[PDB]
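Below: one protein chain in two forms, given as structure tokens, structure 1 then structure 2.
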Structure 1
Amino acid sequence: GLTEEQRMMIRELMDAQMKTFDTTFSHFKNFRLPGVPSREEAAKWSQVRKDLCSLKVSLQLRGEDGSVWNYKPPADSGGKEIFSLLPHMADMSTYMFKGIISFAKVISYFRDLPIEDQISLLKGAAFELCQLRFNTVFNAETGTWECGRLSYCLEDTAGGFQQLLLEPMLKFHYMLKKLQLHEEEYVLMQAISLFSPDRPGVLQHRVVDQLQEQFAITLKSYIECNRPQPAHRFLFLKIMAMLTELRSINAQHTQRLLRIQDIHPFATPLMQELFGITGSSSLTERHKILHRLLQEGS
């Protein structure tokens, strides 16, 4: 019950996902691992402690030989120890962002936009698309992101599962996993996020709006044709509600990252561009790494 155009749209998105999503993290290598006072600054540190304590994970590294390295992070003793996983997380984030840039570059509708709009849309959506990809490796039974030979396992807090669900990012992963979406539904969610006309700096608002509407109509039609109706009557609206929530989490995450960066620099050069951090006029000149990655052959 899909139009030829709708089937071709899904084929292009699935091709882009297959080419650019390293689902086994086979090519994620050479990453860093954790090693083996004024009143205004005290206020900054206090907020950063809350920001960092929200997402507590242990790290497991499984060797090809069957050996296992497990890292349990330090307790907060009011020092630099709260930052021990930031270099690793910066390397993983950067790796995922490169895959999302490659994903967007494969899509004809994206390449056909002006380069400055390509930059604006990727700045707007990079975190969102990273979290949608991470949801596909999330084990809701074990609270673990299974990243090939790397695992990130949520640390238990005093309030158990009910305390974790208060953290919007964790609630998002649990709620999205429970929808049991198809590969096709995840890639259409990625397309709807990517082609958001209301991102800061977008010029071709009308063209992006029309592309977003066609991706949304394709998803709505996919659900009507491939899922037994009416058990899945409101699945499309649940997905759009999850995208609205992810946009809110995106805004909150950017603010957290900027607070941490301010007292403890950790962002990679690509992260500095995507999140608007200076190091040392036009969108292109302020995003030379993104510009280079978008101009390089997909």
Structure 2
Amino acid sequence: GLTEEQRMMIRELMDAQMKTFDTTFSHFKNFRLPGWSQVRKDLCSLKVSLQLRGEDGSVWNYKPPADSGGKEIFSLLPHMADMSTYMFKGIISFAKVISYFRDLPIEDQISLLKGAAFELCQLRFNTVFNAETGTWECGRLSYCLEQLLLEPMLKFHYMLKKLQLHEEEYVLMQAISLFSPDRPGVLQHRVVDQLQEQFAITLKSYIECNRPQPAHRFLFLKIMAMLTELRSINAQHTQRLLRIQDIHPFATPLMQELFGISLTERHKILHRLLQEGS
């Protein structure tokens, strides 16, 4: 079985997830709505329609335009920036209530969240992804996709959903991604690296104590391979986001902070959120 400290480690991560992940998206408000070639082709694969279900029973449905070559390909990017910002704020709170993360220097806290923001966001998105309908079910909001598995982020969501992970395995993936000692700007490398290794050992122990079926053979090494793949997808899409923001500005002030290539000065919003409570 799991050791006591591993039991406590999982318990703290799960408690953090429950306290900082609003799976109903009920507090997502005041978002915007609709009024290089490799990017355009990739943006075509991820084309989604937006459905908003009101409490009264009504449904607003947005179908995106077709690719005509103009600025029509970015009609949903302002909205997704507001959704990404809301999602990241939950990620910040998730990290803040973790004991191992809260004790790191403030700049390493900034650097870790900066390097893992997209990765923990995609991990939480996967838990609301419906692989049958191709829809991310975000409470009252739904995002339904329109060979398309060629796109890496799309392929990632299908591959990860196929593993049928438990909540504990998702939250341990989040901790492994969060405590990456090789993020730019990290100073406490050995401290963060020692923390990451214990999360990975905890995940391996959890899988062996709860997943005996042959369908879950090599599941731990599959998860670690998925985490390395997600870090690659992070680099591609962050770089892709900078090109788009250059051409058509869409990023919220908090997102611009993530995209900037002193530490607390360049990240005033993230710095304030790390100092605020919950």
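For clarity, a rigid core is taken as the largest C-alpha set superposing within 1.5 Å between two forms. The first residue in the sequence of structure 1 is number 1, and each one after it adds one.
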| item | value |
| --- | --- |
| Core-fitted Cα difference of 2 Å or more between the two structures, single residue among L257, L270, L235, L52 | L52 |
| Following rigid core superposition, Cα shift of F127 between the two structures in Å | 0.3 |
| Angstrom displacement of the CA atom of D65 between the two structures, core fixed | 1.4 |
